[PDB]
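In: experimental structure and its sequence below.
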Amino acid sequence: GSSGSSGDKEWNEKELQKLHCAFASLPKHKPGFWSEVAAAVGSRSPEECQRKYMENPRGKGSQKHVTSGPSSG
């Protein structure tokens, strides 16, 4: 029947697949990897593709709210 989920800062398959796809299609050895994956993930920003992935890298991962880890940019 009916269904849907609204009200939870999250992406959608279309995005994910785009994030992963690109992330896969495109090399991670590249510089503006985000800018790239962001191309296909246009749906979102390249700076977000990181924040997103960071949460769901592959498995558990690591989250940080206060006093972020090592920052470089």
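Out: Arrived safely. Numbers count the residues shown, from 1 in each chain.

In: phi first, then psi, for residue 51.
Out: phi -60, psi -40 (degrees, to the nearest 10).

In: how many other residues sit next to it?
Out: Neighbourhood size, residue 51 [other C-beta atoms under 10 Å]: 10. Where you see a C-beta, it was placed from the backbone N, CA and C, and this is true even at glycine.

In: check residue 39 too.
Out: For residue 39, using other C-beta under 10 Å, the count is 13.

In: helix, strand or coil: sort out it for me.
Out: Classification of residue 39 by DSSP: H, G, I helix; E, B strand; the rest coil places it in helix.

In: these two touch, right, it and residue 22?
Out: Yes: counting by C-beta atoms under 8 Å, residue 22 is a contact partner of residue 39 at 6.8 Å.

In: where do the helices of the protein begin and end?
Out: For the chain, the helices defined by DSSP state H cover 13-25, 33-40, 46-55.

In: got the contact list for the most centrally placed residue in the chain?
Out: The residue lying closest to the centre of the chain (C-alpha atoms, centre = their mean) is residue 49, at 2.9 Å. Neighbouring residues of residue 49 by C-beta atoms under 8 Å, 6 or more residues apart in numbering: 19, 23, 34, 37, 38, 41.

In: buried set for stretch 22-33?
Out: If you call a residue buried by 16 or more other C-beta atoms under 10 Å, then stretch 22-33 has these buried ones: 22, 23, 26, 33.

In: how close does the closest residue to the second one other than its chain neighbours sit to residue 67?
Out: Spatial nearest neighbour of residue 23, chain neighbours left out: residue 37 (5.1 Å); criterion: C-beta to C-beta, 6 or more residues apart in numbering. Counting by C-beta to C-beta, to the nearest Å, the separation of residue 37 from residue 67 is 27 Å.

In: do I have it right that residue 14 meets residue 42?
Out: No: applying C-beta under 8 Å, one finds residue 14 not in contact with residue 42, separated by 10.7 Å.
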